[PDB]
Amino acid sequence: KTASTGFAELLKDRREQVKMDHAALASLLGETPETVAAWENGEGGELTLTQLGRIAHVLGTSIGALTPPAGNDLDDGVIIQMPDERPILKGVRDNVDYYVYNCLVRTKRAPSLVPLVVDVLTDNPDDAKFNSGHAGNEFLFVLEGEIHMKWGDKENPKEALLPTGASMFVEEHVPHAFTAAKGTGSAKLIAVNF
């Protein structure tokens, strides 16, 4: 259920794994055995980030190992997003819009999944500003218009024109950027990070 119940269970598991009783762990943390027992009873909700770091350190592990997974936001395995629900960020430079990021469905059961419908408002490939590469892989599909894609080394990019209906895979960590094809107005693509 909660961060605190998750932590209570996982803390007890780890403490037992390294064969410490409450007193042994407490002696490493500037607490009483009673307080450690309280954490395992679900009373750790007010522990700070700093405190959690020290707990993980003395237990030879990470805060992540002591906290629950993201959770389950699915309806028997599925989640649906209607179009009007989409979060929207505008990619703006000096009060001029270059991209509109229309956010599609996401889920705590697969946190790396970030699908977007991207409206590409610049058709000047000079405006392409390289990112530093994504943490995960990405699948792209051109919905409207024509895309001018650049990738690799921002000072020596590989480039390609993608017509409507083209699809593309970009591996994790590969820097890239795109605009609409020179003079062609606007384009639209779906980008699925995963």
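Note that the rigid core is defined as the largest set of C-alphas that superpose within 1.5 Å between two forms. Numbering starts at 1 and runs along the sequence shown.
- Averaged as a root mean square over residues and superposed structures in 8 other deposited structures of this protein, CA distances to the shown form are larger in 24-32; the pair compared was 137-145 and 24-32 with a core fit.
- Looking at the other PDB entries for this protein, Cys103 is present in the model in all of those that include the residues around it, rather than absent from a third.
- Coordinates for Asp119 are present in every one of the other compared entries of this protein that model residues on both sides of it, well short of the third needed to count it as often missing.
- When the C-alpha B-factors of 49-57 and 129-137 are averaged, 129-137 comes out higher.
- Looking at 154-162 and 37-45 together, the entry lists the larger mean B-factor for 154-162, computed on C-alpha atoms.
- When the CA B factors of the chain's modelled residues are split into thirds, the value for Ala3 lands in the highest one.
- Among all modelled residues in this chain, the alpha-carbon of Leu121 has a temperature factor (C-alpha) in the highest third.
- Among the modelled residues of the chain, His173 sits in the highest third by CA temperature factor in this PDB entry.
- Looking at the C-alpha B-factors along this chain, the one for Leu89 belongs to the highest third.
- Placement of the Cα temperature factor of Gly71 within the chain: highest third of the modelled residues, per the deposited record.
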